[PDB]
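A.B. asks: these are from a larger complex, still in place; more later:
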Amino acid sequence: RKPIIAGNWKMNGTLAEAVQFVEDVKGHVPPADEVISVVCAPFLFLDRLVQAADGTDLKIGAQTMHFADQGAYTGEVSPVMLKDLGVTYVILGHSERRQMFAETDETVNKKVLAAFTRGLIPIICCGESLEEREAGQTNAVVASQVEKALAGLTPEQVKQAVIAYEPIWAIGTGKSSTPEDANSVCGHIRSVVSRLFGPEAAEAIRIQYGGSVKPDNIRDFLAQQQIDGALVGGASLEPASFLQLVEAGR
C-alpha cells in the first residue's frame, strides 16, 4: 500500500502565501510512485494552486464539496467544478463539518459516491468523540461511519478510497492517539472494510491517522501496519514542516 500524506490547511492562508507554499514545496516532494503528497487548500486558491503544481508530484485537494453536480445550493462547490479545475482529492466528512455544518453520514455517503462518479479521490473522515471514546464505543462509532460512508461502492472503488481515522479529541488539541491504539482502530476499520467488500479491497484501501500528527511523530504512525498515512492540519501550514511529513512516507 502506497502511503498518502495529506495536508489540510483548513481555513488558513492568503492566495499569495498559498502559491509560495506550493512554489517552495512542489519540487522537493517525494516521487509520486513512492508517496501520495496532497495539499487540501481553501476553495479560493485551488485554481492557482493547480496551475502552480502542474507537472509536479504535488497533488491538490479540496477540503469539501457538495454531492450534486450542480443546483440550487448557494455557497456549495460541485465535484464537476473540482474535477474540471484539476483537483484530484477531496476531504469528506471532516468532524469540523459534521459538528458545525450539518454534515451527516448520509451526506458523506452521497459525496463519496459523487467523488468516484466524478474522478476525485475521497479522503473520508471518521472518528469518535471524547465521550464515545470514554464509553468504549470507539469501534462501534467508527464502524458505523465507515459503513455508511462506503455504502453503495464497488470493491474496485473502495480500493481507491482513502479513509482517515481522526479521533475528534485529537484534532488540533496537541493530544494524539498512540500508534498502537490508532493501529488497532485502523485495523478494525480495515476489518470492517474486509467484511463489507472482501479481503482484497481491505488490503488495498489506504487508512490514514489524523489528529495532532507532527513531523516528529508521523514515522511512529506510518510504521504501523494498519496505518498508511496521515491527514495533517496544523503541521501542514508551513512548507518546511509539510516536506518533513511527506518525506516520512518514503
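C.D. replies: That came through, no problem. Numbers count the residues shown, from 1 in each chain, chains lettered A, B, ... in the order given.

A.B. asks: quick one: contacts for the one residue sitting closest to the centre of chain A?
C.D. replies: Among the residues of chain A, the one closest to the centroid is residue A:123, at 3.5 Å (C-alpha atoms, centre = their mean). Contacts of residue A:123 were listed using C-beta atoms under 8 Å, 6 or more residues apart in numbering, and they are A:6, A:38, A:40, A:61, A:89-92, A:162-164, A:208, A:231. Every C-beta, even on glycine, is put in place using the N, C-alpha and C of the backbone.

A.B. asks: tell me how far it lies from residue A:59.
C.D. replies: Plainly put, residue A:123 is 11 Å away from residue A:59 if you go by C-beta to C-beta, to the nearest Å.

A.B. asks: what touches both of these two?
C.D. replies: By C-beta under 8 Å, 6+ apart, residue A:123 and residue A:59 have these common neighbours: A:38, A:89.

A.B. asks: could you measure from the residue lying farthest from the centre of chain A over to residue A:109?
C.D. replies: Most distant residue from the mean C-alpha position of chain A: residue A:72, 27.0 Å away (C-alpha atoms, centre = their mean). For residue A:72, the distance to residue A:109 equals 21 Å [C-beta to C-beta].

A.B. asks: try residue A:41
C.D. replies: For residue A:41, the distance to residue A:109 - C-beta to C-beta - is 25 Å.

A.B. asks: comparing these two, which residue is more hemmed in?
C.D. replies: A count of neighbours by other C-beta atoms under 10 Å puts residue A:41 above the other of residue A:41 and residue A:109, at 27 against 22.

A.B. asks: excluding its backbone neighbours, what's nearest the more buried one?
C.D. replies: Leaving aside its sequence neighbours, residue A:41 sits nearest to residue A:9 (C-beta to C-beta, 6 or more residues apart in numbering; 5.1 Å).

A.B. asks: and residue A:86, how many neighbours does it have?
C.D. replies: 15.

A.B. asks: my guess is it contacts residue A:61. True?
C.D. replies: No - Residue A:86 is not in contact with residue A:61 according to C-beta atoms under 8 Å; the separation is 10.9 Å.

A.B. asks: so what sits against both of the two?
C.D. replies: By C-beta under 8 Å, 6+ apart, no residue touches both residue A:86 and residue A:61.

A.B. asks: so residue A:90: helix, strand or coil?
C.D. replies: Under DSSP: H, G, I helix; E, B strand; the rest coil, the three-state class of residue A:90 is strand.

A.B. asks: quick one: contacts for it?
C.D. replies: Residue A:90 is in contact with A:40, A:61-65, A:79, A:82, A:111, A:115, A:120-123, counting by C-beta under 8 Å, 6+ apart.

A.B. asks: which of those count as buried?
C.D. replies: For these, a burial check counting by 16 or more other C-beta atoms under 10 Å picks out A:40, A:61-65, A:79, A:82, A:111, A:115, A:120-123.

A.B. asks: for the helix or strand harbouring residue A:242, name the packing helices and strands.
C.D. replies: Using DSSP states H and E, the element containing residue A:242 is helix A:239-247. Under the contact definition 3 or more C-beta pairs under 8 Å, 6 or more residues apart in numbering; DSSP states H and E, helix A:239-247 sits against strand A:4-8, helix A:15-25, strand A:229-232.

A.B. asks: pull the contacting residues for residue A:172.
C.D. replies: A:212, A:233, A:234.

A.B. asks: so the residue nearest to the centre of chain A bridges to which residues?
C.D. replies: Counting by DSSP bridges, residue A:123 is bridged to residue A:91, residue A:162.

A.B. asks: throw chain B on there as well:
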Amino acid sequence: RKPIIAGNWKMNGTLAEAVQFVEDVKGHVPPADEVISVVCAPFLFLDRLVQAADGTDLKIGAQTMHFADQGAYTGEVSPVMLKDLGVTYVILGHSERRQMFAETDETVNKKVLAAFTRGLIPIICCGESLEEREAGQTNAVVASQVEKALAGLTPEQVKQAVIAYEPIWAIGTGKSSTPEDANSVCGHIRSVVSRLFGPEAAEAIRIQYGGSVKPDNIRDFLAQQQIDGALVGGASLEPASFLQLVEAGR
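C.D. replies: One more piece, chain B, placed on the ones above:
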C-alpha cells in the same frame, strides 16, 4: 437609492464558462453610478473573475463565507480571503444555507459584522416559509431575521448593507410573489430598519426582492417604491438574461 441587481449563480458553471460570462458582460453592464451590477459566483471561480472584471462596473460577489478570519473550519472561506481576492459583495444567510447547512440568525449576524469589519458589502437574505406565510407570520418572521442579522451595526453601516427579501416558497419555483405583496414585506423591513436605526438609515438601505425574478417581471418589482433591486438566481446564469436584468436597473 441606487438600484442593485445581484446574480446568484449558486452551484453552477465551470471556470471556462464563468470567465466567458464575465468577458461577454463586463463591458456592457450599465454605469456604476446608475446601477450596481453584481455577480456572485462559486468560490472556485472568484479569482479569475475578479481579475477579468477589474476596471469595469461589473462587481464580483461570493455566495457565502464564514465569520472568522481564519481557523479550524475545514471547507470554509473567510472574509479576509475574499477581501484579499478583490471580492466586494457576499451573500449571507441565503435560505438554502439556513435550511441545509446549519446557518442560523446568530451565525448570519456574526457574518454581517465580519463583512463590515472586513470591507465587504453583505447581501443579507431573509424570508418566510410557505407555512409561516399561510399562518400570517411573514412580517414577523422577516422582521426577526432582519433585527438579529443587523444587531450590532451602526446606522452608518446599515446604510451600506443590502437586504434581500426572498419568500422561500418563491425561490426557484417559478412562483414569484406579487410586486404589491413584496413591496409590503419590503416596506415592513424598511420600517424595522427605521425603528432600529432611524429613518436616515431606513431610506438609504437597499432592499431587494428575490425569488423567481425574471427579465419579464423584474421591472414590476423595481417599480415598487420599497424595492431597490433584485437577487436573481436561475435567470442570472445566462449572459444575455443577466444583461436584461441589470438593464432594468436604469
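
A.B. asks: the neighbour count of residue A:86 with chain B there, same question as before?
C.D. replies: 16 (other C-beta atoms under 10 Å in any protein chain shown).

A.B. asks: ok, which stretches of chain A are helices?
C.D. replies: Listed in chain order, the helices of chain A (DSSP state H) span residues A:15-25, A:46-53, A:79-85, A:95-100, A:105-117, A:130-134, A:138-150, A:155-158, A:179-197, A:199-204, A:218-222, A:239-247.

A.B. asks: could you export those helices as JSON lines, including distance to residue B:33?
C.D. replies: Listed next are those as JSON lines, based on distance: least, C-beta to C-beta, whole Å:
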{"stretch": "helix A:15-25", "distance to residue B:33": "30"}
{"stretch": "helix A:46-53", "distance to residue B:33": "32"}
{"stretch": "helix A:79-85", "distance to residue B:33": "34"}
{"stretch": "helix A:95-100", "distance to residue B:33": "41"}
{"stretch": "helix A:105-117", "distance to residue B:33": "44"}
{"stretch": "helix A:130-134", "distance to residue B:33": "57"}
{"stretch": "helix A:138-150", "distance to residue B:33": "53"}
{"stretch": "helix A:155-158", "distance to residue B:33": "55"}
{"stretch": "helix A:179-197", "distance to residue B:33": "61"}
{"stretch": "helix A:199-204", "distance to residue B:33": "62"}
{"stretch": "helix A:218-222", "distance to residue B:33": "57"}
{"stretch": "helix A:239-247", "distance to residue B:33": "46"}
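
A.B. asks: deepest in the core, which of those is it.
C.D. replies: Per residue and on average, the most neighbours among the helices of chain A fall to helix A:79-85, with a mean of 23 (mean count of other C-beta atoms under 10 Å in any protein chain shown).

A.B. asks: can you name every helix or strand that that one contacts?
C.D. replies: helix A:46-53, helix A:105-117, helix B:15-25 (3 or more C-beta pairs under 8 Å, 6 or more residues apart in numbering or on different chains; DSSP states H and E).

A.B. asks: now render these as CSV, adding distance to residue B:146.
C.D. replies: Listed next are those as CSV, based on distance: least, C-beta to C-beta, whole Å:
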stretch, distance to residue B:146
helix A:46-53, 35
helix A:105-117, 30
helix B:15-25, 31
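
A.B. asks: and those helices: which comes nearest residue A:97?
C.D. replies: Evaluated with C-beta to C-beta, these place helix A:105-117 nearest to residue A:97, the distance being 8.9 Å.

A.B. asks: how about that closest one and chain B, touching?
C.D. replies: No - Helix A:105-117 is not in contact with chain B by C-beta under 8 Å from any C-beta of the partner chain; minimum separation 9.2 Å.

A.B. asks: for that helix, which helices and strands make contact with it?
C.D. replies: With contacts defined as 3+ C-beta pairs under 8 Å, 6+ apart, helix A:105-117 has these neighbours: helix A:79-85, strand A:89-92, strand A:121-126, helix A:138-150.

A.B. asks: same thing but at 6 Å, please
C.D. replies: Using 3 or more C-beta pairs under 6 Å, 6 or more residues apart in numbering or on different chains; DSSP states H and E, the elements in contact with helix A:105-117 are strand A:89-92, helix A:138-150.

A.B. asks: so it versus strand A:121-126, what angle?
C.D. replies: Angle, helix A:105-117 to strand A:121-126, by axes from the mean of the first three to the mean of the last three C-alpha atoms, to 10 degrees: 160 degrees.

A.B. asks: how about the residues of chain A by chain B?
C.D. replies: Neighbours of chain B within chain A, by C-beta under 6 Å from any C-beta of the partner chain: A:10-12, A:14, A:42-44, A:47, A:63-64, A:70-78, A:81, A:84, A:94, A:96-97, A:101-102, A:172.
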